[PDB]
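> Before I ask anything, here is the structure I am working with.
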Ligand SMILES: Nc1ncnc2c1ncn2[C@@H]1O[C@H](COP(=O)(O)OP(=O)(O)NP(=O)(O)O)[C@@H](O)[C@H]1O
Ligand SMILES: Nc1ncnc2c1ncn2[C@@H]1O[C@H](COP(=O)(O)OP(=O)(O)NP(=O)(O)O)[C@@H](O)[C@H]1O
Ligand SMILES: [Mn+2]
Ligand SMILES: [Mn+2]
Ligand SMILES: [Mn+2]
Ligand SMILES: [Zn+2]
């Protein structure tokens, strides 16, 4: 029968929840006449009536931690520990609050207005797709709340840690478990992590191969979870939270466009999507796909013990259902994609290139059966024996979701010890021995001619070398005339050998619209997607490394449009843009319709050999700086994000409680017991903070079980009797459970995780994603992939220090400008008065590679990934912890340039932020290096400054006097200045900073002040 | 090059006597594309004084006005009662966005004396009485946009959009 | 309709010669009432231009200012470059509503000129540099209320509230 009434699980407690409690004027409490959910009941008008006996006695106590922080008697009675004000504390930082103010539904009329806005978007849907209205509501319930200006509320002013939405979505996520146990029995946790993504992304000549590799990584997982989001609704994914998800919103309004919905209500929500889920650009309507791959190849799911095909939900039949299901769904996604590729190819047997796609797909189907990228799926289960006592929840029924989650991840660790590359699933013995290998091109005089993109698989298509290609492609199976060469040579550089998987990549990159095949997912038939793709022909141009090395030159040529193309207009440069092309590269769209043909190939014009005499002379006469061949590959990631999601303290002190300090926490007892109490006391202003710190004074110094609570029960029993409507007396035990929970935390050494924790984290993660997206585009970068914590973008070597500074400060949630509609503010993200938290306590590392535009992207990507993953865990710098110099691990910026390395710390305080004074210390050295870079450009300081510091370090390190080191650096700068009197004044907190290493081939100066000059040498080598 | 001005669309009259520049440069920010009036500005916390309608600064967080922006200068005799000011165009609160922005702009707006003497109370207003929308199309929407009624078949969509979205709060005294 | 004057607090030492008689009504909208400062006035769409520190009217909703609403007159010579308007006291957007309700209020916003030639790339800057806090409580938070530092010595309850509740926008241009 029909079940899964989580629509009220999303509404049981309204977003008007904190003002109706401790009201200022008390109007809605008298104009609606068991106290405050009256409002939500009134809000229940669009769908089924509210069930009150299924989501407050469970799945609300189990979703968030408030049930265990406050106590299950003060949690519900909601009146015995009060406060006037209304704050909101960052989940990771209970230190900084907010001033909520009052822009919320007060009148009995405006609430009707918001109901009407929900209705007009939810009244055009019928009831045959019962699940589709819940689907769209899951997304727009917050977008409408914040679109109309309304600041969002915490779960309770007694503990302002979770925003009202994360609590709601968390109750909904737990409802998957609670329905599945009020029914017969089950409860599930499904995790999926793609095997070796770093190796897969590092496989491609052109950037248009990295882009589609990452896009496939995101899209295959999107295809497998399409089944779940349509089956059990969207709120089945606990990572990544799809509340601010571009892929999800795209799929959602595309499915809404499907089946027929008036194209007048589709816009009312498309504007919501384009403004907030995106940042204010609807190019995904002009590209027909979400422009950025943003799905992390590692997802989680809360699965219920139910299944369909009884036309409704029946109990699952076995305990191997979802593993097999996701495996077959994944392989099915890949096979559907390649089938659509072959269909779209046959639809264009002309154009040469697609003809080759045809005549190689038909030859290698038996080799394309295996997906180029496999996954690794684990699951953990639970039964009502664990969260029930035949009448209610158990005590320790809260520590279940943790113990299961902590369970699941451990399994992954086990499977991780063995890595099996995808190329091993093939069967290449009879091919590579008995010459059965299909070979479009020259049969290699030496066996079988390995590929050039993946470099590991035998190549199928062997483009000849560039000696005389036109007479070399016709007499071979590649071409048929002189016309196809101008389109085959357009996407296969002469000389490239291509494997089946690498050629499939090249073909998908020829036009990135077949990806919809996977983005929609059993939604349209493959032929229906292809027939759209073959209907419109708009070109999607992905840059190259050369197009990004030549950014500043294109810029300088749009500021001299006519003058620099007077002598031109015979070279197809000032040629008028004749097509309707567009790119996911925002800087490209910003130009092109600025006078210069940005579709040219710098490899063909000035990065070429037969030419560039012409172009050098041109750039010379018109005061144009001839370009540099170097771009910069920036890669980022958060540190100890797994440890974070597991609730550890390592993200807080990254360098002290390292990873083996949880194999035995007793050796780090002092630091955990200081930090956890510092956080717990600091979360919840109210009237309970004193109560809580008295509970901790009890726990502190191992005061025995309730042999001490008599010190504290007073502080509750004196207060429980401030209210009379309290029905029964239950204060004899709740004060015991409270310190039992607090001792549980302080003795396990980590905050116990709950679904609220996870949604609150992995929503801020996508918000930071949306922020860094607009950050990269500001610095003329090109986002290959950027999902939450990670990032992989190609920028010019000129705006990489600026970008690192800005992106680091923004990841903490602290900036200066608005980034679209995400107006970030000192640890929060203000979307038009809605304060969502951020990740200020989390450390983020960076790995910049200044690479020649012609370096092989395979090795560049491998070295970037290796530098990050290795250096971030092997180098230690002097950090101050509670006024005491210790050693730290993470938050470094590792620059490399063909043999020059440098590391730049970004924390200098091991708890990176505990106040609001810290938000300027963030990456405060990168702006020092910036200041120094803007002195050498102005010619005030000489570049000898970088080749002179050594004869000053040998004296500056043996020194223990600050005011002497200051004179010494001033003299090192004085001796190398060119103008009257420069002023650099290094901040004197960098002196004595000691970087170290655990004996790796990375060479690094042991002082930050020398890493600064090495970073400058790297940057300037980038302009060579 | 880039110097425009923001005009609002109320229910009442007294609009077209504000500008003699009704083309300015080559285009206008607000772009009717035969599907809807997009990129309309929305001033927050401001409202109209009904008599000789001009935009007044107030402090209610809910007061707002939604008008369109054209390249012009008011009457070539104003800039004594109007508010000129510059923005990087990422501070402009538009609606129903269709694309990017020029990122550098020179704007004027109908500025009004607050006149403390008036006990400031407002009342919301809605555009209806289609004689109103017809006359506002025939008074500004042809002079700023000659394209409409020439090849525009979806003028009715323009009417529907001005009926559905354009709204504001007014002192109503 | 007792006349009050809105005063704010930027980092600058600029709020000194602004209100000669820091009073002029029979009460104060604001109140330090054992929990800190309460009933703070918030206005949306403005920003404090610290050089000659006064609010500036822009159109961006990202921009807001916060200051203590007190009683007094605007230097007995202003309303030339200052602001003079009235309010119904109901439309307001108050922080920590704990004080009285006037239901009709004429106030004076320290105000500046647009000077529409520089593009106002505005940044958010909350209070820092604790010394400025400690000589602000001396300069303003003692000349508005004699109860400060006479009845209560526990000045810490407004000290942290200065940094927590007073956040404005700095143009820095
Ligand atoms: N959509 C994506 N596009 C590109 N890279 C991604 C994407 N999602 C995740 N990654 C990266 O892939 C890696 C995933 O972590 P991890 O799983 O440890 O790496 P891996 O390369 O997948 N190897 P393995 O750990 O064995 O699965 C990280 O480097 C991520 O930043
Ligand atoms: N429990 C988790 N859930 C989801 N994603 C995770 C989890 N743990 C790690 N990841 C992500 O998986 C990829 C690789 O994780 P990884 O970086 O190896 O773990 P980590 O905890 O971040 N430690 P570190 O090496 O310092 O970064 C990145 O996308 C991580 O953010
Ligand atoms: Mn992986
Ligand atoms: Mn990481
Ligand atoms: Mn790792
Ligand atoms: Zn290959």
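Chains as they are written, first to last, in the authors' numbering: chain K, 9 to 41, 47 to 1037; chain y, 2 to 174; chain Y, 2 to 174. For every residue, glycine included, the Cβ atom is placed at its ideal position computed from N, Cα and C.
1. Could you tell me whether any non-hydrogen atom of ligand 5 is closer than 7 Å to the CB of residue 882 of chain K?
2. Report, in whole angstroms, the separation of the C-beta atoms of residue 8 of chain K and residue 179 of chain K, which I expect to be a contact under 8 Å.
3. Should residue 460 of chain K go down as buried or exposed, given a rule of 16 or more other Cβ atoms within 10 Å for buried?
4. According to DSSP, what are the bridge partners of residue 990 of chain K?
5. Check whether the Cβ of residue 217 of chain K sits closer than 7 Å to any heavy atom of ligand 1, and report yes or no.
6. Tell me, to the nearest whole angstrom, how far the beta carbon of residue 478 of chain K is from that of residue 508 of chain K; I am working on the premise that it is less than 8 Å.
7. Can you tell me whether residue 231 of chain K sits near ligand 6, meaning its C-beta is under 7 Å from at least one heavy atom of the ligand?
8. How would you call residue 629 of chain K, buried or exposed, if buried means at least 16 neighbouring beta carbons within 10 angstroms?
9. Pull out every residue of the region 270-293 of chain K whose Cβ sits closer than 8 Å to any Cβ of chain y, in chain order.
10. Between residue 43 of chain Y and chain K, is any beta-carbon pair separated by less than 8 Å?
11. Can you check DSSP and say which residues form a bridge with residue 122 of chain y?
12. Following a CB-centred definition, is residue 210 of chain K positioned closer than 7 Å to any heavy atom of ligand 3?
13. Whose CA, out of K:925, K:408, K:700, lies closest to the CA of residue 43 of chain K?
14. Could you tell me whether the Cβ of residue 114 of chain K comes closer than 8 Å to any Cβ of chain Y?
15. Following the continuous alpha helix (DSSP H) through residue 500 of chain K, name the residue where it begins and the one where it ends.
16. Examine chain Y for any beta-carbon lying closer than 8 Å to the beta-carbon of residue 836 of chain K, and answer yes or no.
17. To test your reading of the DSSP string, which unbroken alpha helix (DSSP H) runs of 4 or more residues are found completely within the region 528-615 of chain K?
18. At a Cβ cut of 8 Å, what residues of the region 10-37 of chain y count as close to chain K, listed as they run along the chain?
19. Is residue 422 of chain K near ligand 2, in the sense that its beta carbon is under 7 Å from a heavy atom of that ligand?
20. From this set, K:182, K:675, K:865, which residue's C-alpha is nearest residue 640 of chain K's C-alpha?
21. Scan the region 837-907 of chain K and note each continuous alpha helix (DSSP H) run of 4 residues or more that stays entirely inside, going in chain order.
22. So, residue 59 of chain K versus residue 131 of chain K, is the Cβ gap smaller than 8 Å?
23. Can you tell me whether DSSP reads residue 204 of chain K as helix, strand or coil?
24. Of all the CB atoms in chain y, is at least one closer than 8 Å to the CB of residue 120 of chain Y?
25. Quick one: give me the first and last residue of the beta strand (DSSP E) that residue 168 of chain Y is part of.
26. Got a sec? Which residues, its chain only, sit under 6 Å from residue 577 of chain K by beta carbon, not counting five neighbours each side?
27. Listing by chain order, which chain y residues have their CB less than 8 Å from the CB of residue 89 of chain Y?
28. Select from the region 584-616 of chain K all residues with a C-beta closer than 8 Å to any C-beta belonging to chain y, and list them in chain order.
29. Looking at the strands, I want to know which residues DSSP matches up with residue 311 of chain K.
30. Examine ligand 3 and report whether any of its heavy atoms sits within less than 7 Å of the Cβ of residue 311 of chain K.
31. Would you say residue 831 of chain K reaches chain y, if we count a Cβ-Cβ gap shorter than 8 Å as a contact?
32. Mapping DSSP to helix, strand and coil, what is residue 39 of chain Y?
33. One question on the structure: do residue 5 of chain Y and residue 106 of chain Y come within less than 8 Å of each other, judged by their Cβ atoms?
34. Report yes or no: do the region 1003-1014 of chain K and the region 861-880 of chain K share at least 3 C-beta pairs separated by less than 8 Å?
35. Is there at least one Cβ from chain y nearer than 8 Å to residue 206 of chain K's Cβ?
36. Please report whether the beta-carbon of residue 101 of chain y lies at a distance below 8 Å from any beta-carbon of chain K.
Taking the structure as given:
1. Taking 7 Å as the cut-off, one finds at least one heavy atom of ligand 5 near enough to the beta carbon of residue 882 of chain K.
2. Nothing can be reported for residue 8 of chain K: it is not among the residues displayed for chain K, which extend from 9 to 1037.
3. Counting the other CB atoms within 10 Å of its CB gives residue 460 of chain K a total below 16, which places it among the exposed residues.
4. Answer is K:954, bridged to residue 990 of chain K.
5. Not under cutoff, so the answer is no.
6. That pair is a contact at about 5 Å.
7. Residue 231 of chain K: no, Cβ never under 7 Å from ligand 6.
8. Exposed, because fewer than 16 other Cβ atoms sit within 10 Å of the Cβ of residue 629 of chain K.
9. If the cut-off is 8 Å between Cβ atoms, the region 270-293 of chain K has 280, 284, 287, 288, 293 near chain y.
10. So, interface residue.
11. DSSP links residue 122 of chain y through a beta bridge to no other residue.
12. Correct: residue 210 of chain K has its Cβ closer than 7 Å to ligand 3.
13. The structure shown gives no position for residue 43 of chain K: in chain K, residue numbering passes from 41 to 47 with nothing in between.
14. Judged by the 8 Å Cβ criterion, residue 114 of chain K is in contact with chain Y.
15. Annotation for residue 500 of chain K: the continuous alpha helix (DSSP H) segment containing it runs 498-501.
16. Interface annotation, residue 836 of chain K: in contact with chain Y, CB-CB separation under 8 Å.
17. As for any alpha helix (DSSP H) of minimum length 4 sitting wholly inside the region 528-615 of chain K, the runs are 529-533, 539-546, 558-562, 564-571, 574-579, 599-603, ordered along the chain.
18. Listed by position, the residues of the region 10-37 of chain y near chain K (Cβ gap below 8 Å) are 37.
19. For residue 422 of chain K, the shortest C-beta to heavy atom distance toward ligand 2 is below 7 Å.
20. Closest option to residue 640 of chain K, Cα to Cα, is K:865.
21. Positions of the alpha helix (DSSP H) runs, each at least 4 residues long and wholly inside the region 837-907 of chain K, are given as 870-884 in order along the chain.
22. For the pair residue 59 of chain K and residue 131 of chain K, the CB atoms are nearer than the 8 Å cut-off.
23. DSSP, read as helix, strand or coil, puts residue 204 of chain K in strand.
24. Residue 120 of chain Y counts as touching chain y.
25. Residues 168-171.
26. Taking residue 577 of chain K as the centre and dropping the five residues before and after it, the same chain places the C-beta of 570, 635 closer than 6 Å to its C-beta, in chain order.
27. Neighbours of residue 89 of chain Y in chain y, taken as residues at a C-beta separation under 8 Å, are given in chain order as 120, 121, 122.
28. Listed by position along the chain: 602, 603.
29. Residue 311 of chain K pairs with K:206.
30. For residue 311 of chain K, the shortest C-beta to heavy atom distance toward ligand 3 is below 7 Å.
31. Chain y places a beta carbon closer than 8 Å to that of residue 831 of chain K, counting this residue as a contact.
32. Strand at residue 39 of chain Y.
33. Result yes, Cβ atoms of residue 5 of chain Y and residue 106 of chain Y sit closer than 8 Å.
34. Result no; under three Cβ-Cβ pairs closer than 8 Å.
35. For residue 206 of chain K, the closest Cβ of chain y is not nearer than 8 Å.
36. Residue-level contact check: residue 101 of chain y touches chain K, since one or more beta carbons of chain K fall below 8 Å from its beta carbon.
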